[PDB]
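Chemist: here is my input, please return the structure:
(chains A, B, C and D, ligands or ions: 3)
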Amino acid sequence: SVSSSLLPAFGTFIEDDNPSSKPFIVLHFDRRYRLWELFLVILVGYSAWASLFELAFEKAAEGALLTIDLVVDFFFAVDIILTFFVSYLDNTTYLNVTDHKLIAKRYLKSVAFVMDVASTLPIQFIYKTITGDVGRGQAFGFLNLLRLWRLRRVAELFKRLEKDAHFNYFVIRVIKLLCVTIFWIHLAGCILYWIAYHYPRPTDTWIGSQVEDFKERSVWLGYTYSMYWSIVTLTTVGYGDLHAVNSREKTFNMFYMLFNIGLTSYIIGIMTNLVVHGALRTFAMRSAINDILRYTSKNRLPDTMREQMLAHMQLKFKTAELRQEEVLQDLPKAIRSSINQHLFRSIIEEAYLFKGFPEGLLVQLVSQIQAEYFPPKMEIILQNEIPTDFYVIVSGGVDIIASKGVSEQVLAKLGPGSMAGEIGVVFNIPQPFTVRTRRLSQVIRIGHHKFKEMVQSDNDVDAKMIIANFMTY
Amino acid sequence: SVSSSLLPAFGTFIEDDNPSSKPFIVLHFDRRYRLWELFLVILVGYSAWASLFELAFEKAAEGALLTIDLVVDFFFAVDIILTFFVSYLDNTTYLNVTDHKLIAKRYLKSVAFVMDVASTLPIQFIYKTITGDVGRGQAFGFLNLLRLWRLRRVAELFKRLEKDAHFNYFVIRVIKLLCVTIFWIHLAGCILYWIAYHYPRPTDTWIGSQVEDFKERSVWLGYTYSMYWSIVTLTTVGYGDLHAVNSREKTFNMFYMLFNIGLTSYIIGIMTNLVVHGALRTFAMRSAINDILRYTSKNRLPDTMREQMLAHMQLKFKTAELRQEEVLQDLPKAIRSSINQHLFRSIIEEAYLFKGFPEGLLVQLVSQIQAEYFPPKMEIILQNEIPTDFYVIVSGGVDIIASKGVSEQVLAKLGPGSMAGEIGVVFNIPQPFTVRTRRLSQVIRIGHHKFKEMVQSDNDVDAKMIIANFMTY
Amino acid sequence: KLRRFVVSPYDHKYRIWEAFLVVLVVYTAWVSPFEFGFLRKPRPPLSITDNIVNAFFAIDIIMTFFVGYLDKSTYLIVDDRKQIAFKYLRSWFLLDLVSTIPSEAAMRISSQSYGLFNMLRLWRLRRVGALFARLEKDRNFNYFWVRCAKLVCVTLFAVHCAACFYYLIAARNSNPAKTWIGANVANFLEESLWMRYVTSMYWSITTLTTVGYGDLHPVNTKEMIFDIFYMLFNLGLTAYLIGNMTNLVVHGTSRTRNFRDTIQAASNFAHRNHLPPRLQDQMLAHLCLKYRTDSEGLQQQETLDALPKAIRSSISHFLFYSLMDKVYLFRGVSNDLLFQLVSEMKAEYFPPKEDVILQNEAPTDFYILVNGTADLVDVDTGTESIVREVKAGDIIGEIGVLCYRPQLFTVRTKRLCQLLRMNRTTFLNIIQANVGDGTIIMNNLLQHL
Amino acid sequence: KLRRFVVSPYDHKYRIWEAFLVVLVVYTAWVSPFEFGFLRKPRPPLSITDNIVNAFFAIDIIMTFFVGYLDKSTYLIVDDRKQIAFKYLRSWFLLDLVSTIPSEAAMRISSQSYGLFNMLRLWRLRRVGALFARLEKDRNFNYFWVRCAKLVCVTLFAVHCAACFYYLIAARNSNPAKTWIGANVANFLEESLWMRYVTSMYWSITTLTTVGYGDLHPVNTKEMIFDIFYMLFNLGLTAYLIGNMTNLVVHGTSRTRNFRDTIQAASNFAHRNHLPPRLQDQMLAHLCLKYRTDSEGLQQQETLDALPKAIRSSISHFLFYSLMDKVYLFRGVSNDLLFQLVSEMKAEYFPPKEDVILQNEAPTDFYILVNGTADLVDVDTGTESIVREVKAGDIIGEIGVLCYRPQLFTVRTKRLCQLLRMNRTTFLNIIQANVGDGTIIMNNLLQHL
Ligand SMILES: [K+]
Ligand SMILES: [K+]
Ligand SMILES: [K+]
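Modeler: Residues are numbered from 1 along each chain as shown, chains lettered A, B, ... in the order given. Ligands and ions are numbered 1, 2, ... in the order given. I have put the structure below:
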């Protein structure tokens, strides 16, 4: 059940059925493994924050943030010795390759392995004992920026969630914008503080103009000032209390609010697309109800006619809906035929005309049946019409109408599993009735010059008895 | 030609044909009258500015703005003695009513007359001689706000331009936003200056904080300051150099930028709708072409096949375009039939089968013909098909195909005005050919069981000779 | 229906009482935030008004044991006391009970809670969401002015709610000289309670609309942290407003963009086929007239024609039976023949001076006027010899169709008319089926004399 | 083609020179405004670089008498000298001649004109509009990455152009102590020419993006009037940007919104009809495989099938004739029989472990493999007795279709395979028409031994 198994985003229970499960192999679509991946992804959310934070502030890397980077760099070090025991799926074969000597050299040959070992290095911690102090300076801090390689795991989740239909497409596409826009607030507020901290004159800065002793206060005062500046700039409020002072800050600042144009145009373009498609069907069922009431109001029609027109249009849109679930036309003929031989095998096996029939011709009939639905009072066959098709009703009802020039009299009522329109087809006469539905019906059509050729030219078994079955009817 | 005459926005030339032109009457759709209306509308653009300006500034009403209000209040006083000589059009009869005693009492009974005389009063000028001075004070200036009743004439033009197809819908839709958004900048900058000018303490204002002597400087210094504040607030820049100081200014100011939310959301919602509909067509043509190249690239197809597929899809979209100009189906049968008897009368009069035919039946045929178009190599009639319809070609070409099981041989070439598919219809046999187009063709269909009933049951004149014409063919 | 002395879900007095309960809920949306941020103990002007509102909501919660309800699994109107009572006590009983407690009685329990206690009175704000769902699934209310009035209420409630939180951060400070408000007006604790509110609303609106002048900004870090979450919330809130305002503009300019898309097609069509300067004007006249005619509910066939033939036969019968019966031809024909004669008959409109029937034409149809008028002009060597004029409720073209001879008089409208059209073939069929045609031709020759 | 010693519109060296004259226009779009706002007389570093650019554009304007052109009324490539010369001298001859004049030579005509003279060098900016029209009607270039880049270029040019006008208003003032820049840094006339530009660009972007901190605002009325028209222009300019960014997001998330709209339908469909837990997984597997198979150009039938049968018969012949010819059955059949056998044959894909042909089934079709592999497993009392496996370019199902007996071995894929399917009826028709079926059945019985 492999493609079925790999289409849920969060992964699926793997039991003792052992269809692909070999020893000493973890299947990549296993539940447990995908929960572990979600764990590592919520640790990536911490490592994205803590790595930019220690670049900018640099007095954080002494406290309780250096034994949290060591615990988190452990769960990412066991995910490198465990990617040699994980299946993968070819995009040229689609076979679930689970041979060790073939997993163990597509990881190696990839950039992923060298980047995962260049990210999980506790550089700041090994520097803390082989030397005396913590790393310090302008360029030393550009070393925990290697742990922004783990953002590729968050790029994964928000890609295997936008395909799982079990998850709302509005929720996840909005959480994606949240996560992206507040990582960039944080990224940009740490770069401007980094620029102010390392500037020669500590009072011609954006923050040294306001807090003269900003380098000696807490790190969570500089952090809150920087996040405040970043958000009054991103949102475009711009009080102007904190602003760029020197030309290093003016330059980054005006590259910051140039990308902000794109970012906030993108957020808007996405929020005005998840609101415009969340109202594309209801604003069509309201477009066709609105003129019903307009027509029933402009004229003084009774309200019963308005309870009839509305109910019928509701029943019409129900058909137009459930007839777009017709997905089964591009699939290969084998799977489509195996599905049809489950839906409509006992309907076409017993219809008073396919009674004494070869199995081959029954299969040749069932493999081609495209079923259609009809609202409750449409006429599918007008009287004196050219006999082009005939129908078989799988569920619902139809009535047989015989117009007397001036009348329409219901001659009989047909239910599930009985042919409607066969007389003019078998006789090649204008269809001497009018079959119009009565309930919401599903009918399967058997066109003319497709059934006739198939029963006439091809097979040599059925003969002389279907006419006896038609004269019996 | 009355509805035709009244559908041009700027009116049309009225000549000596005198179809509705009676003496001592100006027709409202005349071009001279609509040019005069455009004149009054460009004077309304001045009166919208000059009336708000004199409310707020009040030292303007002494200079050259009081003999410009008298010249402009003259051209609006002759448009009241000239609305008694102007036609009008009922919306219950559509007759162009041009009787004086009926024009002269739908103007009177309307609000328009009393408002047009309450707007054209030179109140500030009559006040200037029956008294000694110009009007002055908080409440006296609320008297040239009556001339904002003339904005209804600008509301007209931008309503009779959004229906004329001779005018771009992007230009005029965008212009209506310009005119509306810069009238409101001007309206709001004159109200905040009006609030500051009449405030008790002249230095706890928004402008008295900056220019202490603001009441004694030029009016075009206060005007430029007010327009500057108004536009840095509307656009939401908000430098904050000029801002509200007291609670009368804070209150209007925060009602101003609450309506600004709606106004700028509306401007955006309109500019993102004249850009999203200015691209639907191009996206469909580019959506279609993009896969062709994708298919011709993924496989290594020759470029000649790509010059064939593309040319055919272009010819297909040309048909899908020029077949949506089929407007002639809701019009009454009389006008539709009079149009058809001009397009397709000599095609159906001479088609080797409608040769000896009653005029009544020819009209009965021509009144119903719905013409269709076809791309250059589609098959309209497959061989051994049920004879449901037959065609008549008004322009283009078709070929006659006779498949030999394994071949397709072009038996003959048919051009304009020759029936395609008639054999199986007249004989009621499966259509013993395959008519597929060769050029972009237009064909008119004559269905079966519609032509047969009409030639058989109804008329008693045509008989015995159409069979002689068919055996002649 | 109901037991003696009890109440129903749709009853009028109940909807009227409930709308007055919504205005009281919009007065506690303004007051509950303001007593939390701006006041500390019950002052006279509101200590009595809020007790009035409390008494009204107590009356309401005690009247909810005598009110019907409607299942969403059965759709039966359940009106048994021992069952609505339990469904009330299911979820909203003590939640609606704490929301109406005289705050003077919560003061004796404890101080420090007044502003925070009367903050859960915002529980009785579910009624506004109820009303806004009902009004926008209802179809008697314009969906534009019903949704666009919800984005005004939740934007005015965020602006007001954030203006009382941001002032309470400043009023609860120590040394109110480094605050956001205590930095512009140093003596802000002795100021008119209306000036404080005005300057808090001013900051709220500038910040919410992203103008951000720069006066009145955060000063502490407690206010910066509040402002980081308010501007985060505002960014999300305005994005959604701009989205909702496009969903209400592209769906608002449809019925006009579809018209100039038709007069354009009707000009390309007349351009390709080289129609003379007498048919293009007629086509454009009939296409215009259609917009005015079908701007109203007088004309609708794009969707009304997608109905069954048993529904479109009741409508066209109800609209035109009284008219069809008062025609001299069909005097006493039958009961059903009139029904099926009026069932298949297509109604059409005609601009003024637009002759529907030309003289010497082939007698295809005959029309029955519904409203308007016209005159039977005949073209001779001496033209324009207008003979008579018909009125509403009369039949034209009848002599050329029931005898199959070219039409003898040309009828030309002089007013927007509405006729009913019937082909010759259709009529001849439906009357050929029957016997009553003798009466028809007898009425005809009776009319002839 | 061409005369001896002459040049053509599409020739490779001409397009390479003409894209080199665009990076010299991007150079002048930056330098022209900067020498207008920030400089007064030619300084060394640019007085020579702009003369270099001038020499290059003179070379170009003198090479345009030897370049073909294309009529839009004939579409013939006109390459006669006495006719391209006049079309050049029609409009763009002296306009492109003044745009390359050494400014040191315009100084001797008059001072005061340097900055204003080199401002019409922005005439040679039509080339960027030409390039941006060509690249976006071209189809080898991603429209999203080309329409969007043009928007970025115009904004960078408005920001830069307004930063040099707004500085020139301040540099041309008297008493440069009440200006916008002379109010923050009083001694701004002796500052690094890069600091002046940085602080002007800073004001530009702050104002254009509507942040507007408040440092660097207008001070005079001459600057207020400039700023009223710059913020007006910007109001319109950002509105079209937001419009263009939605036109490029809703058209960018289509091919994914259409997929979860299919797996949803394939679940409602299996839910209504109660498919057992063996067909729903198969349907979903085949629908998934379609997204991977169609994301590439391997599978396309939504629109490729709307082609004529004479176009879709050349494609399917070119793709599969070499394959169809190397099948043991059709050894030496004919020249056309193979053509029409490969013309009506539908290609399909199959996921791994997905048996296309079950044993004991009714012999409906037969398939020809194109790529992938599979194995002929047979189900017996002792199951899973795999007997052989086929490769690419072989035919399966042939013995049950050419003799009409139930299939004997079940073929199950072991890789994502692509087969060609042919019905029994179609094949029997096209071979029944001909005589070469003797060779077919002879190859069959030859294979059997
Ligand atoms: K701002
Ligand atoms: K600001
Ligand atoms: K802003």
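Chemist: check the chain and tell me which residue is nearest its centre.
Modeler: Here I'm looking at chain A. Nearest residue to the geometric centre of chain A (C-alpha atoms, centre = their mean): residue A:163, 3.0 Å.
Chemist: my question was about chain C
Modeler: Nearest to the geometric centre of chain C sits residue C:142, at 2.6 Å (C-alpha atoms, centre = their mean).
Chemist: which ones are touching the closest residue to the residue nearest to the centre of chain A other than its chain neighbours?
Modeler: Nearest residue to residue A:163, sequence neighbours excluded (C-beta to C-beta, 6 or more residues apart in numbering or on different chains): residue D:260, at 6.2 Å. Quick note: C-beta positions are derived from backbone N, CA and C, even for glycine. With contact set as C-beta atoms under 8 Å, 6 or more residues apart in numbering or on different chains, residue D:260 has these partners: A:162-165, A:169.
Chemist: out of those, which one sits closest to chain C?
Modeler: Among the contacts of residue D:260, residue A:169 lies closest to chain C (C-beta to the nearest C-beta), at 15.2 Å.
Chemist: where do the domain boundaries of chain A fall?
Modeler: Listed by automatic domain parsing, the domain ranges of chain A are A:2-269, A:282-322, A:347-472.
Chemist: what parts of chain A come near chain B?
Modeler: By the rule C-beta under 8 Å from any C-beta of the partner chain, the part of chain A lying against chain B is A:236, A:238-240, A:272, A:384-388, A:430, A:448-449.
Chemist: out of those residues, who's nearest residue D:26?
Modeler: Closest approach to residue D:26 among those (C-beta to C-beta): residue A:236, at 28.8 Å.
Chemist: measure that closest one to chain C for me?
Modeler: Residue A:236 is 5 Å from chain C, where distance means C-beta to the nearest C-beta, to the nearest Å.
Chemist: pretty sure that residue sits against residue A:261.
Modeler: No - the criterion here is C-beta atoms under 8 Å, and residue A:236 misses it with residue A:261 at 9.5 Å.
Chemist: what touches both of these two?
Modeler: Common neighbours of residue A:236 and residue A:261, using C-beta under 8 Å, 6+ apart, are residue D:209.
Chemist: neighbours around the nearest residue to residue C:417 once chain neighbours are set aside, how many?
Modeler: Counting by C-beta to C-beta, 6+ apart, residue C:417 lies nearest to residue C:372, which is 3.2 Å off, once chain neighbours are set aside. Counted with other C-beta atoms under 10 Å in any protein chain shown, residues neighbouring residue C:372 total 19.
Chemist: enumerate every residue touching residue C:372.
Modeler: By C-beta under 8 Å, 6+ apart, the contact set of residue C:372 is C:350, C:392, C:413, C:415-418.
Chemist: please repeat the previous calculation with a cut-off of 10 Å.
Modeler: Residue C:372 makes contact with B:93, C:349-350, C:352, C:390-392, C:413-419 under the criterion C-beta atoms under 10 Å, 6 or more residues apart in numbering or on different chains.
Chemist: contacting residues for residue 265?
Modeler: If you meant another chain, say so; for now it's chain A. D:151, D:238, D:241-246, D:248-249.
Chemist: hmm, no, I was thinking of chain C.
Modeler: Contacts for residue C:265 were tallied using C-beta under 10 Å, 6+ apart; they are B:165, B:322, B:324-328, C:287.
Chemist: from the residues of chain A next to chain B, list the ones also adjacent to ligand 2.
Modeler: For ligand 2, the contacts drawn from the residues of chain A next to chain B by C-beta under 5 Å from the ion are A:238, A:240.
Chemist: most surrounded residue in the residues of chain A next to chain B?
Modeler: residue A:238 (30 neighbours).
Chemist: about what we covered before: now the contacts of residue C:265 in JSON lines, with distance to chain D and secondary structure?
Modeler: Below are the contacts of residue C:265 laid out as JSON lines (distance: C-beta to the nearest C-beta, whole Å; DSSP: H, G, I helix; E, B strand; the rest coil):
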{"residue": "B:165", "distance to chain D": "23", "secondary structure": "coil"}
{"residue": "B:322", "distance to chain D": "18", "secondary structure": "helix"}
{"residue": "B:324", "distance to chain D": "17", "secondary structure": "coil"}
{"residue": "B:325", "distance to chain D": "21", "secondary structure": "coil"}
{"residue": "B:326", "distance to chain D": "21", "secondary structure": "coil"}
{"residue": "B:327", "distance to chain D": "26", "secondary structure": "coil"}
{"residue": "B:328", "distance to chain D": "27", "secondary structure": "coil"}
{"residue": "C:287", "distance to chain D": "31", "secondary structure": "helix"}
